[PDB]
Amino acid sequence: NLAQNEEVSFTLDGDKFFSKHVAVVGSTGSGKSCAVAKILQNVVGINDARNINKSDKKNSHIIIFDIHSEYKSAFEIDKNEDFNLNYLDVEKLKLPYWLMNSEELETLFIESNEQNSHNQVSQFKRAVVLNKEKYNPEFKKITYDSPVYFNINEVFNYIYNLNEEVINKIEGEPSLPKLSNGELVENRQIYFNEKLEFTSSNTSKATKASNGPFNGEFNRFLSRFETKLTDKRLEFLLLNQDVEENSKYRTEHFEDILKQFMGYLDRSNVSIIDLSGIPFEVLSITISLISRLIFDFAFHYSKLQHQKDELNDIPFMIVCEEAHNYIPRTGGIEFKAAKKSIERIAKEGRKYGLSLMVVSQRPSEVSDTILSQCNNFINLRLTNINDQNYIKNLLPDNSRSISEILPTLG
Amino acid sequence: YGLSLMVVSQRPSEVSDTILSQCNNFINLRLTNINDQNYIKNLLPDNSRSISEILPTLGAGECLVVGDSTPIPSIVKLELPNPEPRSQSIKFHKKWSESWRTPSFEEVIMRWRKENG
Amino acid sequence: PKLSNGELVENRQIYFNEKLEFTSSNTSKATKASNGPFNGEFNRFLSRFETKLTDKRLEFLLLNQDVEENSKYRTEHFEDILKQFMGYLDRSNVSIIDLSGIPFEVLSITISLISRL
Amino acid sequence: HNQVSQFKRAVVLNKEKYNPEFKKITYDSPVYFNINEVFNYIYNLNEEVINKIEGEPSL
């Protein structure tokens, strides 16, 4: 209802508001979470803890990215009312890390902070192609986004051999690595099965040998890697398992992950993805994959509907909660993968049925490449001149009469 | 050599200054942002002083014409084109106000994986 | 350069045919060899080539398709391309160029190409 | 950066030359390394002379 006249109702067009990008910015202790909850509750159809559509199920789809919880309680309606909620705790969600793996795990698997990447990826690529080609005849690279499975333990037995191997250098023999007994390694395909013992390097022609290309150069790095293989805080990205009791995903169980994030396993309309349990500076690992899978599905589903003159029938909305924790303005390299998928959705999501809601309370720290794509603004109270200036430099209407009402709003 | 240009934009303050400053004719519509009005007023070869303040109050179908071709700056009411340009987009509210729909996940993974890719 | 079989390199143009395999550098005079001037300065660059040479969305650029389906597009189809973008094939007065399917990172180059042509 | 790299290498090598009870260590964990040994290492590297006699190891 209108503030000045409570006898007049306020209505907004739904095809112009929810079909484009929206931004919700406010101050501390103003009612931001309450407003978002009220809007989403009106969208789904909950009124006074009652489900209006008890006999019929409607076609609404919303995904929420939570980093402080605070939103499950808003959808815990009574069991009598037919309303299922899809709550996923990522810390116990079992996300595979081999589907994309380009900017999530291999970013910290063969490189951590050093320029030694120039020789860190020279033989691991060949071994991983060997494994993923022996499983099935295909082609792979160091970066590869296809949903395929490889055994990390085997392929990094090769990496352990890299600093636990000495190449033979005896005159009159082929340049093939010499084992402890004296066997010459014809092909390095036996390395990833299990690490082998090689004789020490020597200059005498009887047992002449030279240290391998990456011998002794990365002992600390592989120590860190094998530490992370059993880290007590990374069980959710199938890392503490490393091919164990839960490894029965060969090539054709990719549908389960999509049905889990989308919520097509129990007929749910709201999905919550909680990132509170996950430690810091490892949360951008999964965003780049969750944001990519939905976009790929939307694109590929939209393509296979123009042969019969139709359009997409399952639009989606994504609700970010704190955009300054993983999409900052002044940043370096620790936030790279997410800031590309979000850009793709913000620049190519209107023709494929995908929108965005950006919620924050410090607008002066969010990337302008994403916040300038928004068409509708809901402004709460603001008391900082920097935020006021930044907002009034982006609003479609910048009349002064409407800018003096911000720090007078209850 | 036989070439010209026409620049259409809704944020004149974010376009390159070199290209935009070499334009001899202007067609202005409603503007509500102060920065855009200031930039247009700076880059406007005319004698308009008070008629340039009517931009934030212009209606639908009205434009302000200034330049060399016109003898005097003026305000012109335009008609509607026939046929009319229209874009194709999906309406989220209308499609959200229907019954439950199930996609075909089997068909969207055959195209997704066309012998890898 | 010395290969696995020890054959020398009469001309470097043989590098334009296949991925040759070379020998291992050593200090002993039997197989004395050294690293080339550029042996590790291109590691991720080749991978980024392999990424862009198989992307199906960048198909209109003819980066991919070593197959002979359109490998005959030598320097004799340059007139047809110009006549297509100027409307002199099946004469027309308005030429509308749509760019709504192009990835957002390869949009500027197409406009630059058409404008320069 | 050259002296920083030499310091890093010397500290890594001397970090657990006699400290096996830290199974997993790269640089940062709180373990004791003698700084004078690192200084002697760098000084020897500055004064390093390589033997080139034929028939003898290149040491």
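As a convention, Cβ positions derive from the backbone with ideal geometry for all residues, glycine included, and neighbour counts pool all protein chains shown. Read-outs throughout are calculated quantities, based only on the coordinates presented, and are distinct from any laboratory measurement.
Here are a few things to note about the model shown:
- Yes/no for A:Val358 being away from chain B (no Cβ under 14 Å), touching a strand residue (DSSP E or B) at 6+ places or on another chain (Cβ under 9 Å), in contact (Cβ under 8 Å) with a residue 60 or more places away in the chain and surrounded by 16 or more Cβ atoms within 10 Å (Cβ to Cβ): yes
- The residue that is farthest from the other protein chains (Cβ to nearest Cβ), counting only those in the range A:54-72 that are among the polar types (S, T, N, Q) and out of contact with any helix residue (DSSP H, G or I) (no Cβ under 9 Å at 6 or more places or on another chain), is A:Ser69.
- Search result, residues across the range A:114-145 that are touching a residue at least 24 places away in the same chain (Cβ under 8 Å), surrounded by 14 or more Cβ atoms within 10 Å (Cβ to Cβ) and either in a loop (DSSP other than H, G, I, E, B) or acidic (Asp, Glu) (or both): A:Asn116, A:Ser122, A:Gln123, A:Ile142, A:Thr143, A:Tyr144, A:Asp145
- Unmet criterion (only one of (1) within 14 Å of A:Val25 (Cα to Cα); (2) outside any helix (DSSP H, G or I); (3) of a type in the set (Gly, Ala, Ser)) for A:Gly332: (1)
- Residue check, B:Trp112 touching a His at 6+ places or on another chain (Cβ under 8 Å) and either within 14 Å of chain A (Cβ to nearest Cβ) or surrounded by 10 or more Cβ atoms within 10 Å (Cβ to Cβ) (or both): yes
- Of the residues making up the range A:358-376, those that are in contact with a helix residue (DSSP H, G or I) (Cβ under 8 Å, 6 or more places away or on another chain) and outside any loop (DSSP other than H, G, I, E, B) are A:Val358, A:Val359, A:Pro363, A:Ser364, A:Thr369, A:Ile370, A:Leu371, A:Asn376.
- Selection within the range B:55-75 - in a loop (DSSP other than H, G, I, E, B) and either surrounded by 14 or more Cβ atoms within 10 Å (Cβ to Cβ) or within 14 Å of another protein chain (Cβ to nearest Cβ) (or both): B:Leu58, B:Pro73
- Number of residues in the range A:19-44 that are in a loop (DSSP other than H, G, I, E, B) and farther than 29 Å from A:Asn384 by Cα equals 1.
Yes or no, residue by residue, for (1) more than 14 Å from chain B (Cβ to nearest Cβ); (2) β-branched (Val, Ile, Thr); (3) surrounded by fewer than 21 Cβ atoms within 10 Å (Cβ to Cβ):
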position	(1), (2), (3)
A:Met262	no, no, yes
A:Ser268	no, no, yes
A:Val282	yes, yes, yes
A:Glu322	yes, no, yes
A:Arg329	yes, no, yes
A:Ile333	yes, yes, yes
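- Across the range B:67-89, the number of residues qualifying as over 21 Å from the mean Cα position of the chain (by Cα) and over 30 Å from B:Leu44 (Cα atoms) comes to 0.
Okay, residues lined up against (1) under 16 Å from the mean Cα position of the chain (by Cα); (2) surrounded by 10 or more Cβ atoms within 10 Å (Cβ to Cβ):
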| residue | (1), (2) |
| --- | --- |
| C:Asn11 | no, no |
| C:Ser28 | no, yes |
| C:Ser47 | yes, yes |
| C:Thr51 | yes, yes |
| C:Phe60 | yes, yes |
| C:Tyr73 | yes, yes |
| C:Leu82 | no, yes |
| C:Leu89 | no, yes |
| C:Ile97 | no, no |
